[PDB]
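Chemist: Provided herewith: upload.cif, mmCIF, C-alpha atoms.
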```
data_work
loop_
_atom_site.label_atom_id
_atom_site.label_comp_id
_atom_site.auth_asym_id
_atom_site.auth_seq_id
_atom_site.Cartn_x
_atom_site.Cartn_y
_atom_site.Cartn_z
CA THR A 1 12.73 152.03 63.17
CA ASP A 2 13.47 152.73 66.86
CA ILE A 3 13.82 156.48 67.40
CA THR A 4 15.35 157.41 70.76
CA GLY A 5 16.51 160.54 72.55
CA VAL A 6 14.85 163.69 73.90
CA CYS A 7 12.07 165.57 72.17
CA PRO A 8 9.63 167.62 74.27
CA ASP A 9 5.96 167.86 73.37
CA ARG A 10 6.65 171.30 71.87
CA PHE A 11 8.78 169.66 69.14
CA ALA A 12 6.63 166.60 68.40
CA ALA A 13 6.63 167.57 64.71
CA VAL A 14 10.41 167.11 64.64
CA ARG A 15 10.11 163.53 65.91
CA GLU A 16 7.42 162.84 63.29
CA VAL A 17 9.59 164.14 60.44
CA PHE A 18 12.63 162.31 61.85
CA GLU A 19 10.71 159.02 61.92
CA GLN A 20 9.53 159.64 58.35
CA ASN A 21 13.13 160.19 57.13
CA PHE A 22 13.80 156.57 58.14
CA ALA A 23 10.74 155.29 56.22
CA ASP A 24 11.25 153.53 52.88
CA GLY A 25 14.99 153.17 53.47
CA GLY A 26 15.82 156.87 53.59
CA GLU A 27 18.57 156.45 56.20
CA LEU A 28 21.22 154.23 57.65
CA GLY A 29 21.72 156.06 60.94
CA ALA A 30 21.26 159.68 61.92
CA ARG A 31 21.11 162.15 64.77
CA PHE A 32 19.38 165.53 64.79
CA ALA A 33 19.88 168.12 67.51
CA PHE A 34 18.16 171.48 67.96
CA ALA A 35 19.21 174.12 70.48
CA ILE A 36 17.68 177.27 71.94
CA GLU A 37 20.13 179.83 73.34
CA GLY A 38 22.87 177.19 73.30
CA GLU A 39 20.78 174.60 75.19
CA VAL A 40 20.04 171.37 73.30
CA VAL A 41 16.26 170.83 73.44
CA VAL A 42 15.81 168.13 70.75
CA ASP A 43 18.32 165.30 70.37
CA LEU A 44 16.97 162.34 68.39
CA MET A 45 18.79 159.19 67.25
CA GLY A 46 17.72 156.50 64.81
CA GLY A 47 18.99 153.53 62.86
CA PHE A 48 22.50 152.12 62.67
CA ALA A 49 26.15 153.10 62.88
CA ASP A 50 27.31 150.17 60.72
CA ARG A 51 26.54 149.06 57.16
CA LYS A 52 25.51 145.62 58.51
CA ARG A 53 22.74 147.26 60.62
CA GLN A 54 23.93 145.38 63.73
CA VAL A 55 25.10 148.39 65.80
CA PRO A 56 22.82 151.29 66.84
CA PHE A 57 23.61 154.87 65.87
CA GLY A 58 23.98 156.00 69.46
CA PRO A 59 25.02 158.69 71.94
CA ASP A 60 28.76 158.23 71.37
CA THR A 61 28.67 157.46 67.64
CA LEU A 62 31.01 159.81 65.72
CA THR A 63 30.57 160.57 62.00
CA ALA A 64 32.75 162.21 59.39
CA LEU A 65 31.37 165.72 58.78
CA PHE A 66 33.05 166.45 55.40
CA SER A 67 32.51 170.13 54.51
CA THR A 68 30.33 170.77 57.55
CA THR A 69 33.80 171.00 59.14
CA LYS A 70 34.29 174.32 57.28
CA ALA A 71 31.92 176.05 59.72
CA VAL A 72 34.33 175.04 62.51
CA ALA A 73 37.32 176.35 60.54
CA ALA A 74 35.44 179.60 59.96
CA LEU A 75 34.72 179.98 63.68
CA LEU A 76 38.37 179.40 64.59
CA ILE A 77 39.48 182.16 62.19
CA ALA A 78 36.67 184.45 63.39
CA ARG A 79 38.05 184.11 66.93
CA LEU A 80 41.58 185.15 65.85
CA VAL A 81 40.16 188.23 64.14
CA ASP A 82 37.92 189.07 67.10
CA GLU A 83 40.95 188.78 69.39
CA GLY A 84 42.85 191.32 67.26
CA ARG A 85 45.52 188.85 66.12
CA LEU A 86 44.37 188.96 62.46
CA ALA A 87 42.13 191.16 60.34
CA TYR A 88 39.68 190.04 57.67
CA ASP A 89 41.02 192.63 55.22
CA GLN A 90 44.65 191.74 55.96
CA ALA A 91 46.64 190.29 53.06
CA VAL A 92 47.20 186.55 53.42
CA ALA A 93 50.79 187.23 52.34
CA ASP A 94 51.26 189.36 55.47
CA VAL A 95 51.15 186.24 57.68
CA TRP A 96 52.17 183.69 54.99
CA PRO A 97 54.84 185.42 52.87
CA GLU A 98 55.17 182.51 50.43
CA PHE A 99 51.51 183.02 49.45
CA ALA A 100 52.43 186.18 47.52
CA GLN A 101 53.58 184.11 44.51
CA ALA A 102 51.82 184.16 41.12
CA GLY A 103 50.12 187.50 41.72
CA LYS A 104 48.34 186.74 45.02
CA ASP A 105 50.18 189.37 47.12
CA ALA A 106 46.97 191.36 47.82
CA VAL A 107 44.49 188.50 48.38
CA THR A 108 42.94 189.07 51.80
CA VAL A 109 41.89 186.67 54.56
CA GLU A 110 38.18 187.21 53.93
CA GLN A 111 38.64 186.83 50.15
CA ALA A 112 40.28 183.43 50.72
CA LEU A 113 37.59 182.27 53.14
CA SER A 114 34.75 183.28 50.79
CA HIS A 115 36.17 181.20 47.91
CA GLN A 116 37.30 184.20 45.86
CA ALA A 117 41.04 183.46 45.63
CA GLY A 118 40.82 181.17 42.59
CA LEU A 119 42.43 178.10 44.17
CA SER A 120 39.37 175.81 43.97
CA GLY A 121 41.56 172.82 43.10
CA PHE A 122 44.86 171.98 41.46
CA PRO A 123 44.38 172.05 37.64
CA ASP A 124 47.77 170.42 36.94
CA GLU A 125 48.94 166.83 37.41
CA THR A 126 49.28 166.15 41.13
CA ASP A 127 50.10 163.19 43.36
CA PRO A 128 46.75 162.23 44.98
CA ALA A 129 48.51 161.69 48.34
CA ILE A 130 49.73 165.30 48.51
CA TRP A 131 46.80 166.07 50.82
CA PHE A 132 48.44 163.95 53.57
CA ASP A 133 51.54 166.20 53.45
CA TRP A 134 50.39 169.49 54.99
CA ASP A 135 53.52 171.40 53.99
CA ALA A 136 53.55 170.14 50.40
CA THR A 137 49.87 171.04 49.91
CA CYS A 138 50.32 174.57 51.31
CA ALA A 139 53.47 175.06 49.23
CA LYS A 140 51.59 174.11 46.06
CA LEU A 141 48.75 176.51 46.92
CA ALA A 142 51.19 179.30 47.75
CA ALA A 143 52.77 178.87 44.31
CA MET A 144 49.52 178.48 42.36
CA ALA A 145 48.12 181.07 39.94
CA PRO A 146 44.40 181.82 40.51
CA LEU A 147 41.86 180.22 38.19
CA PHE A 148 39.55 183.28 38.18
CA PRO A 149 39.57 186.91 39.35
CA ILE A 150 38.92 188.25 42.82
CA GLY A 151 35.42 189.70 43.13
CA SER A 152 34.01 188.01 40.04
CA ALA A 153 32.19 184.89 41.22
CA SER A 154 32.95 182.61 44.14
CA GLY A 155 34.32 179.22 43.15
CA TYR A 156 33.92 176.84 46.07
CA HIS A 157 37.21 175.29 47.27
CA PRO A 158 36.06 171.85 48.55
CA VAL A 159 39.46 170.62 49.83
CA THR A 160 41.99 173.45 49.43
CA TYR A 161 39.98 175.77 51.73
CA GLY A 162 41.03 173.72 54.75
CA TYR A 163 44.70 174.26 53.98
CA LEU A 164 44.19 177.97 53.29
CA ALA A 165 42.27 178.51 56.54
CA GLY A 166 44.43 176.06 58.47
CA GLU A 167 47.76 177.56 57.47
CA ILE A 168 46.66 181.14 58.15
CA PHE A 169 45.51 179.91 61.57
CA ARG A 170 48.73 177.97 62.29
CA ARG A 171 51.01 180.88 61.38
CA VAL A 172 49.04 183.32 63.54
CA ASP A 173 47.98 181.22 66.52
CA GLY A 174 50.93 178.85 66.56
CA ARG A 175 48.89 175.66 67.01
CA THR A 176 47.03 173.65 64.40
CA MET A 177 43.29 174.26 64.14
CA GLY A 178 42.51 170.84 65.58
CA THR A 179 44.79 171.37 68.58
CA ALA A 180 43.44 174.82 69.38
CA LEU A 181 39.87 173.59 68.89
CA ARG A 182 40.47 170.77 71.38
CA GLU A 183 42.41 172.85 73.93
CA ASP A 184 40.34 176.04 73.88
CA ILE A 185 36.81 174.80 73.17
CA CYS A 186 36.07 171.07 73.08
CA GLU A 187 37.98 169.89 76.15
CA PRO A 188 36.79 172.72 78.47
CA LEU A 189 33.18 172.58 77.27
CA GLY A 190 32.92 168.78 76.84
CA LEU A 191 32.08 168.88 73.11
CA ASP A 192 32.33 165.58 71.23
CA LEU A 193 33.88 167.27 68.19
CA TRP A 194 37.31 166.66 66.69
CA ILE A 195 39.58 167.75 63.86
CA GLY A 196 42.26 165.09 63.87
CA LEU A 197 40.83 162.01 65.58
CA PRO A 198 43.10 159.83 67.77
CA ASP A 199 43.06 156.07 67.16
CA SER A 200 41.39 155.52 70.56
CA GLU A 201 38.19 157.08 69.15
CA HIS A 202 38.11 155.17 65.85
CA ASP A 203 35.95 152.28 67.07
CA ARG A 204 32.92 154.56 67.61
CA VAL A 205 33.14 156.14 64.14
CA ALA A 206 30.15 155.23 61.97
CA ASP A 207 30.48 153.40 58.67
CA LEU A 208 29.56 155.51 55.67
CA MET A 209 27.32 154.46 52.82
CA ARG A 210 28.46 156.17 49.65
CA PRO A 211 25.90 157.88 47.37
CA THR A 212 23.70 155.88 45.02
CA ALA A 213 24.36 158.39 42.21
CA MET A 214 26.65 161.34 41.56
CA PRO A 215 25.55 164.90 42.35
CA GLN A 216 24.48 166.92 39.32
CA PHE A 217 27.04 169.68 38.84
CA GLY A 218 26.58 172.69 36.60
CA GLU A 219 28.44 173.55 33.44
CA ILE A 220 32.02 172.33 33.36
CA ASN A 221 34.70 175.00 33.76
CA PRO A 222 38.33 174.92 34.94
CA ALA A 223 37.35 175.58 38.59
CA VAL A 224 34.79 172.80 38.95
CA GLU A 225 37.11 170.53 36.92
CA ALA A 226 40.05 171.10 39.27
CA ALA A 227 37.87 171.04 42.41
CA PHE A 228 36.03 167.77 41.82
CA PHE A 229 36.93 165.91 38.63
CA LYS A 230 40.66 165.22 38.77
CA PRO A 231 42.21 161.95 39.99
CA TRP A 232 43.82 164.05 42.75
CA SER A 233 40.79 166.22 43.62
CA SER A 234 40.15 164.26 46.83
CA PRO A 235 42.56 162.77 49.43
CA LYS A 236 46.25 156.12 52.03
CA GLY A 237 43.80 154.43 54.40
CA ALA A 238 40.81 155.29 56.59
CA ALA A 239 42.78 155.50 59.86
CA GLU A 240 45.31 158.02 58.55
CA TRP A 241 42.52 160.07 56.94
CA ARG A 242 40.92 160.25 60.39
CA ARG A 243 44.19 160.97 62.22
CA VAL A 244 45.42 163.96 60.18
CA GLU A 245 43.80 167.41 60.11
CA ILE A 246 41.81 168.37 57.02
CA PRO A 247 39.76 171.36 58.25
CA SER A 248 37.77 171.40 54.99
CA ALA A 249 36.61 167.78 55.25
CA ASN A 250 37.67 165.43 58.08
CA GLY A 251 36.09 166.72 61.26
CA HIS A 252 34.23 164.12 63.33
CA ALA A 253 31.39 164.98 65.70
CA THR A 254 27.97 164.20 67.08
CA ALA A 255 24.96 166.32 66.17
CA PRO A 256 24.57 167.86 69.68
CA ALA A 257 28.25 168.85 69.74
CA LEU A 258 27.70 170.93 66.59
CA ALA A 259 24.36 172.29 67.78
CA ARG A 260 25.98 173.49 71.02
CA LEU A 261 28.95 175.07 69.22
CA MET A 262 26.77 176.87 66.67
CA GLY A 263 24.42 177.66 69.56
CA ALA A 264 27.12 179.86 71.07
CA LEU A 265 27.18 181.84 67.80
CA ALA A 266 23.36 182.11 68.07
CA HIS A 267 23.50 183.30 71.71
CA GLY A 268 25.93 186.19 71.92
CA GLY A 269 29.11 184.12 71.56
CA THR A 270 28.71 182.37 74.91
CA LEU A 271 28.36 178.63 75.58
CA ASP A 272 27.69 177.29 79.10
CA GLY A 273 28.89 180.61 80.51
CA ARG A 274 32.17 180.78 78.55
CA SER A 275 32.68 183.55 75.98
CA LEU A 276 34.05 182.08 72.74
CA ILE A 277 33.75 185.30 70.70
CA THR A 278 32.11 188.73 70.99
CA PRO A 279 28.86 189.69 69.22
CA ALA A 280 30.91 192.11 67.12
CA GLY A 281 33.17 189.22 66.12
CA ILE A 282 30.21 187.06 65.08
CA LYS A 283 28.78 189.91 62.99
CA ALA A 284 32.12 190.51 61.26
CA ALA A 285 32.54 186.82 60.37
CA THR A 286 29.08 186.30 58.93
CA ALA A 287 28.58 189.50 56.90
CA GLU A 288 28.01 188.87 53.20
CA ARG A 289 31.24 189.10 51.24
CA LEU A 290 29.61 188.34 47.89
CA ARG A 291 26.56 186.65 46.39
CA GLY A 292 25.80 185.06 43.05
CA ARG A 293 26.17 181.88 41.05
CA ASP A 294 29.08 179.84 42.34
CA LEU A 295 31.53 178.58 39.72
CA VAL A 296 31.78 175.17 41.43
CA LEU A 297 28.65 174.52 43.48
CA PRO A 298 25.59 174.70 41.20
CA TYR A 299 23.75 177.27 43.33
CA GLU A 300 23.37 180.94 44.04
CA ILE A 301 25.34 181.31 47.29
CA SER A 302 25.78 184.20 49.71
CA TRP A 303 29.18 183.72 51.38
CA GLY A 304 30.37 185.12 54.67
CA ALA A 305 33.95 184.59 55.84
CA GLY A 306 33.83 180.81 55.40
CA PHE A 307 30.22 180.43 56.59
CA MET A 308 27.45 179.84 54.08
CA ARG A 309 24.66 182.32 54.69
CA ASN A 310 21.11 181.04 54.45
CA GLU A 311 19.56 183.23 51.74
CA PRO A 312 18.70 182.69 48.98
CA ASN A 313 18.14 178.94 49.36
CA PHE A 314 16.87 178.77 52.98
CA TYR A 315 18.18 175.27 53.59
CA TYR A 316 18.78 176.29 57.25
CA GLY A 317 15.22 177.45 57.89
CA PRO A 318 13.38 180.74 57.32
CA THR A 319 15.91 183.31 58.60
CA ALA A 320 17.78 184.93 55.70
CA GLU A 321 20.77 185.91 57.88
CA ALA A 322 21.20 182.51 59.53
CA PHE A 323 24.46 180.80 58.61
CA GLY A 324 26.41 177.57 58.82
CA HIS A 325 27.81 175.00 56.48
CA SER A 326 26.77 171.73 54.90
CA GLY A 327 28.71 168.59 54.14
CA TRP A 328 29.09 166.04 51.36
CA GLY A 329 26.20 163.59 51.60
CA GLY A 330 23.84 165.71 53.66
CA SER A 331 25.17 166.75 57.08
CA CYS A 332 24.89 170.37 58.20
CA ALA A 333 25.16 172.72 61.15
CA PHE A 334 23.70 176.21 61.41
CA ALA A 335 23.16 179.17 63.73
CA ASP A 336 20.33 181.73 63.74
CA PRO A 337 21.36 184.73 65.88
CA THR A 338 18.04 186.48 65.18
CA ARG A 339 15.89 183.73 66.73
CA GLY A 340 18.57 182.42 69.11
CA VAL A 341 18.42 178.85 67.76
CA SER A 342 20.92 176.43 66.23
CA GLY A 343 20.99 172.86 65.01
CA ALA A 344 22.84 170.08 63.28
CA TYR A 345 21.93 167.03 61.22
CA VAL A 346 24.58 164.29 61.15
CA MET A 347 24.04 161.06 59.23
CA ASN A 348 26.00 158.28 57.57
CA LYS A 349 23.89 157.46 54.49
CA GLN A 350 25.22 159.89 51.88
CA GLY A 351 22.78 161.50 49.47
CA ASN A 352 23.66 163.32 46.28
CA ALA A 353 22.54 166.84 47.25
CA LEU A 354 25.64 168.99 47.67
CA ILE A 355 23.65 171.31 49.97
CA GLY A 356 20.07 171.33 51.17
CA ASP A 357 19.64 167.59 51.55
CA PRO A 358 15.87 167.32 52.14
CA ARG A 359 16.29 165.05 55.19
CA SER A 360 17.97 167.96 57.00
CA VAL A 361 15.75 170.68 55.51
CA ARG A 362 12.51 168.96 56.57
CA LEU A 363 13.83 168.55 60.12
CA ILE A 364 14.90 172.19 60.44
CA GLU A 365 11.59 173.38 58.99
CA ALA A 366 9.69 171.24 61.50
CA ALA A 367 11.78 172.66 64.33
CA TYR A 368 11.06 176.25 63.28
CA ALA A 369 7.35 175.46 62.82
CA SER A 370 7.36 174.33 66.47
CA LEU A 371 8.57 177.71 67.77
#
```
So, in terms of structure tokens, how does the structure I just supplied come out?

Modeler:
Amino acid sequence: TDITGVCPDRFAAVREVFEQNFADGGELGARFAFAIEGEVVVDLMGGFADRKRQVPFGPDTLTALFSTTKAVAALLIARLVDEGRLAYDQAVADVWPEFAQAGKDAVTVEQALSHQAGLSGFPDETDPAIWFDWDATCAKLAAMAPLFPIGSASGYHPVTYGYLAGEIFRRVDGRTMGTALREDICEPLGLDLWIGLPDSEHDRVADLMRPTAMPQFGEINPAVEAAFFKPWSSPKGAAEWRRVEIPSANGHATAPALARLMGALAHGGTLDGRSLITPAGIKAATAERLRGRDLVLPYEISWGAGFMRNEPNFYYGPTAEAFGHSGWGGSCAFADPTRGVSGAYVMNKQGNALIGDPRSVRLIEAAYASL
């Protein structure tokens, strides 16, 4: 396997681990980026963008991020709160009056973003194309009765979270998340990161290789059932799925784009001299809302306001208070404000680890062991 990119002598262990991930068919293509105070210092590429292995996974290759996108949604909300346009303990119904139905009139923003609001999936018969109709999806969520109580256990919302976060954002900011992301962050800072991908970018999107075997969920319950095991649990063709905005699942990016964005959260909220958020705003967004066994993801999880915190599983390295989010098949992006570092692993061969895919964990551990 030809590994290319930048990797200083200080991070030689990262290149070694990266090369080993490609051994014995562990990859199709992948990119790993590691940043110190917002500056990308490691950016390695290997393998192929296409299932035929005829096209290199290269500098402009975009990949679907799946739930790694949720870290971007969380940041966009965190900015609204930091700007004083929204408060984490504000009732969702205050900005989205229709949400008050079925007893949800007191659910707060931070409760929704930490998977407490009981809307992990639709339990009842649902058209599987509803997800392509933003208004119909939000209307169904607004009318839905929660599947479990606030402040009991989190029950990860794999798809619905993007509509909860996105609609709160839209009603407060005015723009969609993807539009604000592009206008306020990605265009000015030159980040190759998108929610809602125009057709002109589709030719550089990597093929995906679907998992060899299903992930091993925990005990069945109505939340995991609705979230993952219905005919309608997941979202028409590949181009429309790219074009629309699904802030829980359909972001597209390169690994350095995510490492730079999370790097700003690791470096006082500033990226290339531009303040995205205050330190106070970062601290408010990442504070633990609750911790314990998740009803949907088969893990003990400490949730911030949409960010996954690192303890107790340490899939983002050794710092307990680091944070980020991981994606279906193995991608991830994280920030460590304590050490000032950030990183992202973006690949197109999907594994069956819902979080903590060992390809990403080994790379992050090698990066930290190089510090």

Chemist: Evaluate the PyMOL selection byres ((chain A and resi 36-50) around 7) here and jot the selected residues down as a PyMOL selection string.

Modeler: chain A and resi 1-7+28-35+51-58+61+206-207+256+260+263-264+266-267+271+340-342

Chemist: Find the residues around range 140-144 of chain A up to 9 Å (all atoms listed in the file counted), leave out those fewer than 4 positions away in its own chain, and share them as a ChimeraX atom specification.

Modeler: /A:96-102,104,119,121-122,135-136,160,163-164

Chemist: When you look at range 183-191 of chain A with a cut-off of 12 Å (counting only C-alpha atoms), what residues show up, excluding the ones that are within fewer than 4 positions of it in the same chain? I need them as a ChimeraX atom specification.

Modeler: /A:38,60,62,72,75-76,79,173,175-179,195,252-262,264,270-277

Chemist: Just give me the gap between CA of residue 165 in chain A and CA of residue 182 in chain A in Å, one decimal is fine.

Modeler: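 Distance between the two atoms: 16.8 Å.
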
Chemist: Show me a table, sorted first by chain and then by increasing residue number, of the residues of range 155-242 of chain A having an atom at most 12 Å from range 297-301 of chain A, each with its shortest atom pair and the distance in Å to one decimal, counting all atoms listed in the file and written as a Markdown table.

Modeler:
```
| residue | atom | partner | partner_atom | distance |
| --- | --- | --- | --- | --- |
| A:155 | CA | A:297 | CA | 7.4 |
| A:156 | CA | A:297 | CA | 6.3 |
| A:157 | CA | A:297 | CA | 9.4 |
| A:158 | CA | A:297 | CA | 9.4 |
| A:215 | CA | A:298 | CA | 9.9 |
| A:216 | CA | A:298 | CA | 8.1 |
| A:217 | CA | A:298 | CA | 5.7 |
| A:218 | CA | A:298 | CA | 5.1 |
| A:219 | CA | A:298 | CA | 8.3 |
| A:220 | CA | A:298 | CA | 10.4 |
| A:221 | CA | A:297 | CA | 11.5 |
| A:223 | CA | A:297 | CA | 10.0 |
| A:224 | CA | A:297 | CA | 7.8 |
| A:225 | CA | A:297 | CA | 11.4 |
| A:227 | CA | A:297 | CA | 9.9 |
| A:228 | CA | A:297 | CA | 10.1 |
```

Chemist: Quick one: axis-aligned box around all listed atoms of range 104-111 of chain A, 4 Å on every side, centre and edge lengths in Å to one decimal, written as lines of an AutoDock Vina configuration file.

Modeler:
```
center_x = 44.2
center_y = 189.0
center_z = 49.8
size_x = 20.0
size_y = 12.7
size_z = 17.5
```

Chemist: Can you tell me, as a ChimeraX atom specification, what residues are no more than 8 Å from residue 349 in chain A when counting all atoms listed in the file, ignoring any on the same chain fewer than 4 positions away?

Modeler: /A:27-29,208-211,329

Chemist: Have a look at CA of residue 312 in chain A and CA of residue 354 in chain A and let me know their distance in Å, one decimal.

Modeler: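 So the two atoms, CA of residue 312 in chain A and CA of residue 354 in chain A, lie 15.4 Å apart.
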
Chemist: Please compute the CA of residue 332 in chain A-CA of residue 71 in chain A distance, one decimal, in Å.

Modeler: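 CA of residue 71 in chain A lies at a distance of 9.2 Å from CA of residue 332 in chain A.
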
Chemist: Counting all atoms listed in the file, what is within 12 Å of residue 364 in chain A, bar same-chain residues fewer than 3 positions away, as a compact mmCIF listing (two decimals) with C-alpha atoms, in the coordinates of the input?

Modeler:
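So selection24.txt came out as:
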```txt
# COMPACT_ATOMS: atom_id res chain seq x y z
CA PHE A 11 8.78 169.66 69.14
CA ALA A 13 6.63 167.57 64.71
CA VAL A 14 10.41 167.11 64.64
CA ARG A 15 10.11 163.53 65.91
CA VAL A 17 9.59 164.14 60.44
CA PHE A 18 12.63 162.31 61.85
CA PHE A 32 19.38 165.53 64.79
CA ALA A 33 19.88 168.12 67.51
CA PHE A 34 18.16 171.48 67.96
CA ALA A 35 19.21 174.12 70.48
CA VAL A 42 15.81 168.13 70.75
CA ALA A 259 24.36 172.29 67.78
CA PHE A 314 16.87 178.77 52.98
CA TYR A 315 18.18 175.27 53.59
CA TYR A 316 18.78 176.29 57.25
CA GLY A 317 15.22 177.45 57.89
CA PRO A 318 13.38 180.74 57.32
CA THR A 319 15.91 183.31 58.60
CA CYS A 332 24.89 170.37 58.20
CA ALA A 333 25.16 172.72 61.15
CA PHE A 334 23.70 176.21 61.41
CA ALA A 335 23.16 179.17 63.73
CA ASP A 336 20.33 181.73 63.74
CA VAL A 341 18.42 178.85 67.76
CA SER A 342 20.92 176.43 66.23
CA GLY A 343 20.99 172.86 65.01
CA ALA A 344 22.84 170.08 63.28
CA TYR A 345 21.93 167.03 61.22
CA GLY A 356 20.07 171.33 51.17
CA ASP A 357 19.64 167.59 51.55
CA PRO A 358 15.87 167.32 52.14
CA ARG A 359 16.29 165.05 55.19
CA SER A 360 17.97 167.96 57.00
CA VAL A 361 15.75 170.68 55.51
CA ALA A 367 11.78 172.66 64.33
CA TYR A 368 11.06 176.25 63.28
CA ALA A 369 7.35 175.46 62.82
CA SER A 370 7.36 174.33 66.47
CA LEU A 371 8.57 177.71 67.77
```

Chemist: Point out the residue among A:351, A:59, A:118, A:198 with the least atom-to-atom distance to residue 245 in chain A, counting only C-alpha atoms.

Modeler: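 Going through A:351, A:59, A:118, A:198 one by one, the smallest distance to residue 245 in chain A is for A:198.
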
Chemist: Restricting the calculation to only C-alpha atoms, which member of A:226, A:246, A:320, A:80 is positioned closest to residue 296 in chain A?

Modeler: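 Ranked by minimum distance to residue 296 in chain A, first place goes to A:226.
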
Chemist: Restricting the calculation to only C-alpha atoms: of A:105, A:247, A:10, A:149, which residue gets closest to residue 295 in chain A?

Modeler: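 Looking at the shortest contact to residue 295 in chain A, the residue is A:149.
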
Chemist: Starting from the shown file, work through the PyMOL selection byres ((chain A and resi 107-109) around 9) and note down what comes out as a CSV table (one decimal) with C-alpha atoms, in the coordinates of the input.

Modeler:
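out05.csv written:
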```csv
chain,number,residue,atom,x,y,z
A,86,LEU,CA,44.4,189.0,62.5
A,87,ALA,CA,42.1,191.2,60.3
A,88,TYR,CA,39.7,190.0,57.7
A,89,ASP,CA,41.0,192.6,55.2
A,90,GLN,CA,44.6,191.7,56.0
A,91,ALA,CA,46.6,190.3,53.1
A,92,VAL,CA,47.2,186.6,53.4
A,93,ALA,CA,50.8,187.2,52.3
A,99,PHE,CA,51.5,183.0,49.4
A,100,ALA,CA,52.4,186.2,47.5
A,103,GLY,CA,50.1,187.5,41.7
A,104,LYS,CA,48.3,186.7,45.0
A,105,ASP,CA,50.2,189.4,47.1
A,106,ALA,CA,47.0,191.4,47.8
A,110,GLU,CA,38.2,187.2,53.9
A,111,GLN,CA,38.6,186.8,50.2
A,112,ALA,CA,40.3,183.4,50.7
A,113,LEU,CA,37.6,182.3,53.1
A,114,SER,CA,34.8,183.3,50.8
A,116,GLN,CA,37.3,184.2,45.9
A,117,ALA,CA,41.0,183.5,45.6
A,150,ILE,CA,38.9,188.2,42.8
A,165,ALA,CA,42.3,178.5,56.5
A,168,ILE,CA,46.7,181.1,58.2
A,305,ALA,CA,34.0,184.6,55.8
```

Chemist: Report the residues retrieved by the PyMOL selection byres ((chain A and resi 251) around 6) from the displayed file, expressed as a PyMOL selection string.

Modeler: chain A and resi 64-65+69+194-195+250+252

Chemist: Counting all atoms listed in the file, which of A:70, A:230, A:77, A:330 gets nearest to residue 123 in chain A?

Modeler: A:230

Chemist: Pick the closest to residue 130 in chain A from A:22, A:241, A:307, A:232: which is it, counting all atoms listed in the file?

Modeler: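 Result for the nearest residue to residue 130 in chain A: A:232.
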
Chemist: Quick one: residues within 8 Å of residue 68 in chain A, only C-alpha atoms counted, chain neighbours fewer than 5 positions away excluded, as number ranges by chain?

Modeler: A: 248-249, 251, 324-328, 331-333

Chemist: Filtering to N, CA and C atoms, could range 140-152 of chain A of the supplied structure be written out as a PDB file, in the first residue's frame?

Modeler:
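So the final result, stored in result.pdb, reads:
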```
ATOM      1  N   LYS A 140     -43.747  14.914  12.430  1.00  0.00           N
ATOM      2  CA  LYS A 140     -43.964  13.634  13.098  1.00  0.00           C
ATOM      3  C   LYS A 140     -43.252  13.586  14.446  1.00  0.00           C
ATOM      4  N   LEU A 141     -42.035  14.135  14.520  1.00  0.00           N
ATOM      5  CA  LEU A 141     -41.333  14.226  15.798  1.00  0.00           C
ATOM      6  C   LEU A 141     -42.080  15.132  16.770  1.00  0.00           C
ATOM      7  N   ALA A 142     -42.530  16.299  16.290  1.00  0.00           N
ATOM      8  CA  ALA A 142     -43.241  17.224  17.162  1.00  0.00           C
ATOM      9  C   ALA A 142     -44.474  16.576  17.775  1.00  0.00           C
ATOM     10  N   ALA A 143     -45.116  15.671  17.043  1.00  0.00           N
ATOM     11  CA  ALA A 143     -46.329  15.025  17.524  1.00  0.00           C
ATOM     12  C   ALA A 143     -46.058  13.766  18.335  1.00  0.00           C
ATOM     13  N   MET A 144     -44.821  13.279  18.365  1.00  0.00           N
ATOM     14  CA  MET A 144     -44.552  11.962  18.927  1.00  0.00           C
ATOM     15  C   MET A 144     -44.459  11.987  20.451  1.00  0.00           C
ATOM     16  N   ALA A 145     -45.019  10.940  21.083  1.00  0.00           N
ATOM     17  CA  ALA A 145     -44.868  10.727  22.515  1.00  0.00           C
ATOM     18  C   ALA A 145     -43.523  10.063  22.813  1.00  0.00           C
ATOM     19  N   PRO A 146     -42.814  10.507  23.855  1.00  0.00           N
ATOM     20  CA  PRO A 146     -41.489   9.949  24.152  1.00  0.00           C
ATOM     21  C   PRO A 146     -41.548   8.476  24.528  1.00  0.00           C
ATOM     22  N   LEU A 147     -40.506   7.755  24.134  1.00  0.00           N
ATOM     23  CA  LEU A 147     -40.393   6.323  24.399  1.00  0.00           C
ATOM     24  C   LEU A 147     -39.832   6.004  25.778  1.00  0.00           C
ATOM     25  N   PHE A 148     -39.332   6.991  26.512  1.00  0.00           N
ATOM     26  CA  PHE A 148     -38.733   6.783  27.825  1.00  0.00           C
ATOM     27  C   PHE A 148     -38.607   8.147  28.521  1.00  0.00           C
ATOM     28  N   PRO A 149     -38.410   8.156  29.838  1.00  0.00           N
ATOM     29  CA  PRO A 149     -38.477   9.418  30.579  1.00  0.00           C
ATOM     30  C   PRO A 149     -37.205  10.235  30.440  1.00  0.00           C
ATOM     31  N   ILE A 150     -37.382  11.556  30.547  1.00  0.00           N
ATOM     32  CA  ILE A 150     -36.249  12.457  30.700  1.00  0.00           C
ATOM     33  C   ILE A 150     -35.457  12.064  31.941  1.00  0.00           C
ATOM     34  N   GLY A 151     -34.125  12.133  31.839  1.00  0.00           N
ATOM     35  CA  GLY A 151     -33.255  11.908  32.983  1.00  0.00           C
ATOM     36  C   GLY A 151     -33.264  10.490  33.511  1.00  0.00           C
ATOM     37  N   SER A 152     -33.575   9.516  32.662  1.00  0.00           N
ATOM     38  CA  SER A 152     -33.507   8.120  33.065  1.00  0.00           C
ATOM     39  C   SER A 152     -32.224   7.538  32.492  1.00  0.00           C
TER      40      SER A 152
END
```
